[PDB]
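One-letter residues, chain by chain:
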There are 2 protein chains.
Amino acid sequence: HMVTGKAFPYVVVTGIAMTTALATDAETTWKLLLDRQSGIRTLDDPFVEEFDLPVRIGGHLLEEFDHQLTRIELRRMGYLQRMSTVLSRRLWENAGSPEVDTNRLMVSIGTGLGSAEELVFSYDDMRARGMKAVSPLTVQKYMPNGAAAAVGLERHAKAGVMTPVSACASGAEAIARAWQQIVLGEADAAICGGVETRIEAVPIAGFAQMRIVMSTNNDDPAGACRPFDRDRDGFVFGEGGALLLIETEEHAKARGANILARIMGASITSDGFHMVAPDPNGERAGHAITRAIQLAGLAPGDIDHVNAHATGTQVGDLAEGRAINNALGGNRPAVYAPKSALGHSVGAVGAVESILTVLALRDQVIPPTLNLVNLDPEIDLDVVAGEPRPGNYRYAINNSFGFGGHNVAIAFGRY
Amino acid sequence: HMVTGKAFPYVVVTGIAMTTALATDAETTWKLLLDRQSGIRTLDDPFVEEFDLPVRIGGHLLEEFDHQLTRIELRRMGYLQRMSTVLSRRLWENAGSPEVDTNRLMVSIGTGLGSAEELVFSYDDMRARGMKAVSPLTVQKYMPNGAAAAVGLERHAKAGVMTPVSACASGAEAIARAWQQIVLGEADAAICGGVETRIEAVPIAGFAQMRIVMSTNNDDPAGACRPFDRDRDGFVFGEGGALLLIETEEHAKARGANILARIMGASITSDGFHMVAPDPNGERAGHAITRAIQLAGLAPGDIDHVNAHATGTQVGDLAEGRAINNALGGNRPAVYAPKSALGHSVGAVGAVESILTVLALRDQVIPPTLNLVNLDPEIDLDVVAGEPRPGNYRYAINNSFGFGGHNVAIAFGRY
């Protein structure tokens with residue numbers, strides 16, 4: 001039998017690394033998240049004051065990757081690749097720069113969009129520069145597996161290098177695959193998480209038009225997003241990247257790491273409903289929670305926290321609240337959707353919220369959902385909104401349900 | 001101790017579907033293959049035959065996915081998306097058009113690149129038609145998960161829709177994930193495989209300059225690529241797509257399905273070596289064979305066939321032959337290089353060669369390598385060159401080790 005306690009070994013988190021709209025690191029970001037501060041500001045870019053779209057807001061990164069490496073490392077890598085490289089280094093440092101067996105070390109990093117803006121740069125180049133006048137390994141750059149492949153090379157990772165893709169669940173799925181391989185005996189340690197491109201126009205165009213990005217609230221950047229608030233209109237785009245260092249408990253102890261939390265379960269499901277909209281009942285989404293809870297050897301009543309994947313979209317937040325109640329039932333955990341304070345990361349958001357589920361366990365304190373006054377009357381959830389709520393948090397679950405019906409639910413036990 | 005016989009259930013192949021250069025379907029392609037026919041021709045194009053390609057040879061397909069779908073579906077899908085859609089339909093019919101429980105049905109379609117060409121179409125559009133003169137869900141089109149998402153929609157699949165991206169091994173990994181989920185207890189049936197776009201000038205430019213595409217024997221199309229031949233210049237590019245219907249043996253028997261073979265194992269590894277040419281010793285590549293063999297509850301001596309990945313490059317083929325012997329040792333199975341007659345598919349090639357490992361099992365016959373006259377004496381393997389070699393084939397293994405050092409080995413057993 002295929003459960004955490006029994007067949008599978010116990011796996012744990014040993015390091016953490018991210019870059020978000022609030023901070024250049026994981027630690028500072030956490031503090032800012034508790035002082036109920038948002039990281040969304042008036043989106044100011046070139047295609048902005050100029051180009052013409054109704055959304056002028058979004059959380060963005062507070063750092064450049066150009067002054068953090070050599071001249072040669074720049075040319076040999078693309079945006080995502082430069083990002084992951086830097087995060088891995090920070091992560092390997094937090095963990096305590098361990099010297100592991102690379103034959104048992106793996107990497108899994110996913111993206112939702114992938115090297116897009118990069119193609120216009122390299123494709124229009126051949127039609128000017130030359131075919132004999134360009135770097136040889138530039139192919140690797142626009143590949144949707146560059147960020148993963150890049151990190152897999154720095155550390156002699158010889159246990160596999162993967163790149164699942166899933167729109168908004170890419171970051172969580174990356175972590176799910178990591179936990180799966182380990183559990184399955186395919187590895188003993190893994191670097192996992194997500195990485196997403198900068199804010200381009202291309203998406204916002206084919207998204208403002210719809211309904212989703214219905215946060216046309218360009219006057220109140222910080223206040224524009226409102227997960228479960230009855231007055232919610234849409235979601236906000238945000239930048240970021242997040243990586244973790246997952247490893248069996250036995251492995252971690254043999255080198256005395258700093259265990260933050262533990263990873264005990266993860267399931268992957270699909271709606272097979274709409275290619276843009278999530279089923280309004282959340283039948284399959286609620287089911288992925290049931291599996292994460294079972295593969296972890298727990299019960300619906302052991303879950304104390306639920307780091308929701310609520311963007312602030314009308315039909316999105318309602319279908320999630322309905323999926324929480326389907327898995328849990330009568331139990332009621334403290335819900336917190338971090339997007340309202342940071343932004344919809346997308347490829348990277350799932351990895352970021354997974355790092356927030358850990359800190360909540362390592363600290364037993366959850367920050368507020370920023371903008372909340374009247375909890376939607378169709379939504380039955382105990383959403384944290386006032387002040388961070390410390391307490392006793394034995395277990396928790398992170399939700400990541402991306403566009404197109406990609407569902408991922410990961411169980412994070414306390415240590 | 002987890003193996004196909006004890007910890008996991010037995011899984012099987014119930015349907016086939018692929019489009020290649022030789023034939024437009026799996027069955028016809030097989031016939032043409034055993035009859036020693038190549039699918040390569042003179043690379044006729046304006047950006048190749050006019051504007052500066054030393055290599056003017058390749059293997060294109062033999063059909064267009066246009067006259068096959070509706071007016072509305074055309075504008076809703078991109079190339080890969082149209083391809084997978086059509087293949088799934090053929091596959092679902094070859095499977096006897098089964099009716100399955102979609103809550104236990106999953107899809108896993110992998111790619112190398114995704115819809116890149118799609119971005120030049122949509123990005124340059126906003127700068128002309130307008131921000132409101134484009135289609136809202138065009139994002140989904142250029143997403144690296146479009147081919148998977150598309151198929152997951154036609155069948156209302158609810159067991160997960162996944163998109164592994166590992167370049168050349170994307171197609172094999174798609175199948176590895178399929179087998180893993182079923183065996184893990186996350187599903188009972190899955191559509192898996194890989195898809196790849198057309199031969200574009202963007203890759204060949206940033207690749208023909210290295211020391212691999214050395215297959216510049218244009219003045220002799222069919223006679224150029226030679227897998228383990230001493231005089232092997234480079235590899236050739238071919239198009240294609242391949243999908244399979246994998247499912248538990250117990251499930252298959254209930255609905256009375258036609259079983260061709262059995263999938264019994266699959267491992268994923270990486271070299272962490274170079275970002276082009278792999279480890280000349282094939283240590284990690286040979287290791288993925290050891291795991292596919294173990295995960296299937298077999299021994300190095302039970303493998304009779306090996307549908308090698310060998311492309312036809314100098315340092316590739318050598319490192320593979322060395323990895324075969326590392327896994328097996330003294331044993332010697334009938335090795336076959338399919339790319340020699342078809343061509344490098346990339347995202348899709350692994351899925352195509354996996355369908356060839358099955359037919360060899362279902363028919364007990366193996367086609368010959370199309371360009372072997374004097375195998376490099378630096379390799380010790382039994383390769384088929386002249387005439388097909390039928391016989392008793394209990395088990396087999398498909399090799400897929402893509403550029404960048406992505407290794408996948410899947411074990412197939414006759415039914």
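Residues numbered from 1 in each chain as written, not as in the entry; some residues may be left out. Chains lettered and ligands numbered in written order. Heavy atoms only, no water.

Method information in the entry identifies X-ray crystallography as the source of the structure, with 2.400 Å recorded as the resolution.

A few words now on the UniProt feature "active site" in chain A. Residue and element names in this part refer to chain A. What UniProt calls "active site" maps, in this numbering, to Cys168, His309 and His344. These annotated residues cover 177 residues of sequence, and their C-alpha atoms all fall within 9.4 Å of one another, placing them together at a single site. Considering the arrangement of structural elements, one finds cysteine 168 in the loop between β5 (161–162) and α8 (170–183). Look past the residues within four positions of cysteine 168 in its chain and what remains in contact with it is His309, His344, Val346, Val349, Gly350, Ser400, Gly402 and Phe403. With respect to the element layout, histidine 344 can be found in the loop between α13 (339–342) and α14 (349–363). (UniProt positions renumbered as here; feature names shortened; annotations may be inferred. Helix = DSSP H or I, 4+ residues; strand = E, 2+ residues; numbered from the N terminus. Contact = heavy atoms within 4.5 Å.)

A word on the interface of chain A and chain B. One frequent convention defines the size of an interface as the accessible area lost when the parts assemble. Listed as interface residues are 69 residues of chain A and, on the opposing side, 67 residues of chain B. In total, about 5,900 Å² of surface goes out of reach between chain A and chain B, with carbon and sulfur atoms giving 61% of it. Viewed at the interface, chain B and chain A are joined by three salt bridges. In this structure, the salt-bridge partner of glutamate 283 of chain B is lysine 158 of chain A, at a minimum N-O distance of 3.2 Å. If you look at where chain A meets chain B, you find 20 residue pairs in polar contact. Of all elements in the fold, only α5 (117–126), α6 (139–142), α7 (146–154), β5, α8, α9 (201–208), β8 (261–270) and α11 (283–295) of chain A reach the threshold of two or more residues within the side of chain A that touches chain B. Split into classes, the residues belonging to the side of chain A that touches chain B amount to 39 nonpolar, 19 polar and eleven charged. (Buried area = accessible area lost by both parts, 1.4 Å probe. Salt bridge = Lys/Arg side-chain N within 4 Å of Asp/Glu carboxyl O. Polar contact = N/O pair within 3.5 Å; in protein donor to acceptor, adjacent residues only side chain to side chain. Nonpolar A, V, L, I, M, F, W, Y, C, P; charged D, E, K, R; others polar.)

A word on the state of the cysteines. In this structure the tally under the stated criterion is zero disulfides over all chains. Note on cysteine 225 of chain A: no disulfide assigned, nearest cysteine sulfur contributed by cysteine 168 of chain A at a separation of 13 Å. (Disulfide = S-S within 2.5 Å.)

The positions that UniProt labels "domain: Ketosynthase family 3 (KS3)" are, in the present scheme, residues 8–414 of chain A. Overall, residues 8–414 of chain A shows 32% helix and 18% strand. The separation of its end C-alpha atoms is 18 Å.

We now examine the pattern of salt bridges. Residue and element names in this part refer to chain A. Counted by the stated rule, this structure contains 47 salt bridges over all chains. Linking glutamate 249 and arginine 262 is a salt bridge whose minimum nitrogen-to-oxygen distance equals 3.0 Å. Placement of the pair is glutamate 249 in helix α10 (residues 249–253) and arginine 262 in strand β8, with a sequence separation of 13 residues. Taking the relative accessible area as the measure of exposure, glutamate 249 reaches 12% and is therefore buried. (Buried < 20%, exposed > 50% of the residue type's maximum accessible area, 1.4 Å probe, protein only.)

What follows concerns the pairing of strand β4 (residues 105–110) of chain B. Taken residue by residue, a regular strand's side chains alternate between the two faces of the sheet. Residue and element names in this part refer to chain B. Most of β4 sits out of view: six of its six residues are buried. The alternating pattern of β4 places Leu105, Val107 and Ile109 and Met106, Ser108 and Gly110 on opposite faces, both of which are buried. Pairing analysis gives two bridges linking β4 to strand β5 (residues 161–162), with the strands arranged parallel. Within the sheet, the bridge partner assigned to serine 108 lies in β5 and is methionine 162. (Pairing = 2+ DSSP bridges.)

Attention now moves to the relation of the copies chain A and chain B. Copy one and copy two of the chain differ by a rotation about an axis and a translation along that axis. By a simple turn and slide, chain A fits onto chain B: the slide is 0.1 Å along the axis, the RMSD is 0.5 Å, and the turn is 180°. Seen this way, the second copy is the image of the first under a two-fold rotation axis. Rotation axis and chain A: the residue whose C-alpha lies nearest the axis is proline 164 of chain A, separated from it by 2.1 Å. By residue overlap, the copies meet face to face through one surface: 93% of the interface positions of chain A are interface positions in chain B. (Least-squares fit on C-alpha atoms.)

Residue and element names in this part refer to chain B. For helix α10 (residues 283–295), built from 13 residues, the straight-helix expectation of 18 Å at 1.5 Å per residue is met to within 8% by its first-to-last C-alpha distance of 19 Å. All of the buried residues in α10 are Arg284, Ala285, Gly286, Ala288, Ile289, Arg291, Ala292, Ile293 and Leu295. Buried residues in α10 make contact with α7 (170–184), β8 (261–270), β9 (303–307), α11 (314–327), β12 (395–402) and β13 (406–414). In the segment just after α10, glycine 297 is the residue with positive phi, at about 65°. (Expected span 1.5 Å × (residues − 1).)

Residues and elements named next belong to chain A. At a minimum axis distance of 8 Å, the contact between helix α4 (residues 79–94) and α7 shows a crossing angle of 40°. Classified by the angle between their axes, α4 and α7 sit oblique to one another. Between α4 and α7 the crossing geometry is right-handed. On α7, the residues touching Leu80, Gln81, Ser84, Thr85, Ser88 and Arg89 of α4 are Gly146, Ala147, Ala150, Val151 and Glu154. Partitioned by chemical class, the residues of the contact of α4 with α7 number four nonpolar, five polar and two charged. (Axes fitted to C-alpha atoms, helices over the stretch in contact; angles between N-to-C directions. Parallel < 35°, antiparallel > 145°, perpendicular 65-115°, else oblique. Left-handed = near helix turned anticlockwise from the far one by under 90°.)

Another aspect to go through is the sheet that holds strand β4 (residues 105–110) of chain A. Residue and element names in this part refer to chain A. Taken together, eleven strands build an open sheet; the order of strands is β5-β4-β6-β7-β1-β8-β13-β12-β9-β10-β11 and the sheet is mixed. Strand pairing shows two members of the sheet lacking a second neighbour, β5 and β11 (382–383), which therefore form its edges. As paired elements, strand β1 (residues 11–19) and strand β7 (residues 241–248) share eight bridges and run antiparallel to each other. Within the sheet, the bridge partner assigned to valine 12 lies in β7 and is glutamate 247.

What follows deals with the packing of aromatic side chains. Within this structure, the stated rule accounts for twelve aromatic pairs over all chains. Arranged with centres 6.4 Å apart and planes meeting at 85°, the rings of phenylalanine 207 of chain A and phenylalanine 237 of chain A form a pair that is edge-to-face. Remark: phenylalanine 237 of chain A occurs in the loop between α9 and β7 and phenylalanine 207 of chain A occurs in helix α9; sequence separation between them is 30 residues. Grouping residues by exposure puts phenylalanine 207 of chain A and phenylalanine 237 of chain A together as buried. Between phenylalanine 207 of chain B and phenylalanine 403 of chain B the ring centres are 5.8 Å apart and the planes differ by 40°, which places this aromatic pair in the tilted class. Of this pair, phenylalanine 207 of chain B sits in the loop between α8 (201–205) and β7 (241–248) while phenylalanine 403 of chain B sits in the loop between β12 and β13; the two residues are 196 residues apart in sequence, bridging distant segments of the chain. Among the aromatic residues, ring-to-ring pairing joins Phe207, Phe235, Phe237 and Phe403 of chain A into one connected group. Above the plane of the ring of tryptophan 92 of chain A lies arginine 155 of chain A, whose end atom (NZ or CZ) is 4.0 Å from the centre. Its end group placed over the ring of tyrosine 79 of chain A, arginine 198 of chain A keeps NZ or CZ at 4.1 Å from the ring centre. (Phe/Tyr/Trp six-rings, centres within 6.5 Å; stacked < 30°, edge-to-face > 60°. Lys NZ or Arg CZ within 6 Å of the ring centre and 35° of its normal.)

It is worth spelling out the side chain of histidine 406 of chain B at this point. Here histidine 406 of chain B shows up in strand β13. Look at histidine 406 of chain B and you get buried, because its relative accessible area is 5%. A distance of 3.2 Å separates a polar atom in the side chain of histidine 406 of chain B from the backbone oxygen of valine 161 of chain A. Beyond its immediate sequence surroundings of up to four residues, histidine 406 of chain B is in contact with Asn145 and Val161 of chain A together with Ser166, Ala169, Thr269, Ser400 and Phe401 of chain B.

The next thing to look at is the environment of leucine 32 of chain B. For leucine 32 of chain B, the location among the structural elements is in helix α1 (residues 26–34). As a C-alpha pair, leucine 32 of chain B and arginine 71 of chain B span 39 residues in sequence and 34 Å in three-dimensional space.

Looking now at the domain arrangement of chain A. Residue and element names in this part refer to chain A. By the assigned domains, chain A splits into domain 1 (1–264) and domain 2 (265–415). A straight line from the C-alpha centre of domain 1 to that of domain 2 covers 19 Å. The partner domain 2 presents 76 residues to the 74 residues of domain 1 that form the contact. Each partner contributes to the roughly 6,000 Å² buried at the junction of domain 1 and domain 2, and carbon and sulfur atoms together form 69% of this total. Of all residues in domain 1, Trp30, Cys168 and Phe228 bury the most surface against domain 2, accounting for 16% of the area lost on that side. Run the count over domain 1 and domain 2 and you get four salt bridges. (Domains from an automatic or database assignment.)

This part takes up the environment of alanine 128 of chain A. Here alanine 128 of chain A shows up in the loop between α5 and α6. Spatially, the C-alpha atom of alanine 128 of chain A lies 57 Å from that of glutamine 364 of chain A, the residues being 236 residues apart in sequence.

On to helix α12 (residues 314–328) of chain A, then. All names here are of chain A. The end-to-end C-alpha distance of α12 is 22 Å, a good match for the 21 Å that 15 residues give at a rise of 1.5 Å each. Along α12, the positions that sit buried rather than exposed are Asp317, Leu318, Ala319, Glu320, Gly321, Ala323, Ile324, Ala327 and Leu328. Residues of α12 that are buried sit in contact with α11, β9 (303–307) and β12 (395–402). At the C-terminal side of α12, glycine 329 shows a positive phi close to 95°.

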